[PDB]
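Only one chain is included here, represented as structure tokens and corresponding to the form deposited in one PDB entry.
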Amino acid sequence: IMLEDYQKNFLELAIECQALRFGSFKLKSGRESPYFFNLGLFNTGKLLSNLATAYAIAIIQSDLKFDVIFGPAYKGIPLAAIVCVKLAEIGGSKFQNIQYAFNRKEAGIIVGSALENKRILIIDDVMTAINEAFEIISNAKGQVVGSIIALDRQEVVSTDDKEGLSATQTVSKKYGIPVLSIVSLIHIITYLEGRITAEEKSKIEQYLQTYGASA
């Protein structure tokens, strides 16, 4: 009803491959969470194919205009790559010539074409690092025009500031750009209706209440 078909498909695969788990989980903060998410578990050719398609459709539907998809080392490298491919495969003539690029985290160089006057989309797995990418890109004269992750957790950044912004909202405000996501926690909650009873369904909604950011 609210959920697109690519979002429903992503979430069912997410649950099947165990990238999305439900139960009792303690976050790094110590806060207790009704689910756990690891995109890494999208780890086969089939799963990666579907993951790439799900990112690709979110990007096409967003209407965002860009020249280069950029994935921060290390998790963003394979993601940038498979999604660049997918865009060209299902996106039509406009997405044929989209370049991809990423960075060596040397102990900084960019692997790809010159970013000067190029509009850049950042792709990564999650958003929790962000400034690093913007720095690298702006140094190369690249203009970041957007960001996409798989799951927007929609959690307020500060505990004792319930009316504060989420991670994605914070980034979107600072750089003036959209931060897309395949799904958000509200989407998880929506998909779970009729798959669970008002038991765990409640738990998660009551977690969105306590820790979730407003639209």
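Here, rigid core means the biggest group of C-alpha atoms that superpose within 1.5 Å across both forms. Position 1 is the first residue in the sequence shown; the rest follow in order.
Self-check item: Unmodelled stretch of the deposited sequence separating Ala107 from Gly108, binned as none, 1 to 3, 4 to 9 or 10 or more
Solution: In the record, 4 to 9 residues between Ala107 and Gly108 lack coordinates.
Exercise. With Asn139 and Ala140 adjacent in the shown sequence, let me know how many deposited residues between them lack coordinates: none, 1 to 3, 4 to 9, or 10 or more.
Key: The entry has no unmodelled residues between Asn139 and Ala140.
Practice problem: Taking the mean of the C-alpha B-factors per stretch from the entry, tell me the winner out of 204 to 212 and 2 to 10. | Solution: It is 204 to 212 that shows the higher mean C-alpha B-factor.
Quiz item: If you average the Cα B factors in the entry, which is higher, 29 to 37 or 174 to 182?
Solution: Looking at the record's C-alpha B-factors, the answer is 29 to 37.
Quiz item: Whose C-alpha has the highest temperature factor in the PDB entry: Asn131, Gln99, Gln143, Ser93?
Solution: Within the set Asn131, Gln99, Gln143, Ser93, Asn131 shows the top C-alpha B-factor.
Quiz item: In the PDB entry, which of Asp67, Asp63, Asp160, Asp152 has its C-alpha at the highest B-factor?
Solution: Top of the list by C-alpha B-factor: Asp160.
Self-check item: Entry-reported Cα temperature factor of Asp124, expressed as the chain third it lands in
Solution: Middle third, going by the recorded CA B-factors of the chain.
Exercise. State the tercile, meaning the lowest, middle or highest third, of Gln18 with respect to the CA B-factors recorded for its chain.
Key: For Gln18, whose C-alpha B-factor we compare with every modelled residue in the chain, the answer is the lowest third.
Quiz item: Should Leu115 be placed in the lowest, middle or highest third of its chain by the C-alpha B factor in the entry?
Solution: Tercile = highest for this residue's CA B-factor.
Although not depicted, the form deposited in another entry is the subject of the following passage.
Practice problem: For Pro34, decide whether the Cα shift between this form and the one not shown is 2 Å or greater, given a superposition on the rigid core. | Solution: Where the cores coincide, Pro34 still shows a C-alpha shift between this form and the one not shown that is 2 Å or more.
Quiz item: After the core is matched up, is the C-alpha of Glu12 off by 2 Å or more between this form and the one not shown?
Solution: No.
Quiz prompt | Is_shifted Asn43 between this form and the one not shown (CA, 2 Å cut-off, rigid core) | solution = No, its C-alpha moves less than 2 Å.
Self-check item: Pairwise C-alpha change, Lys28 versus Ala73, in the other entry against this form - closer or farther, 3 angstroms or more
Solution: Closer in the other entry, by 3 Å or more.
Exercise. Have a look at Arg195 and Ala19: in the other entry, are their Cα atoms closer together or farther apart than in this form, given the change is 3 Å or more?
Key: Closer in the other entry, by 3 Å or more.
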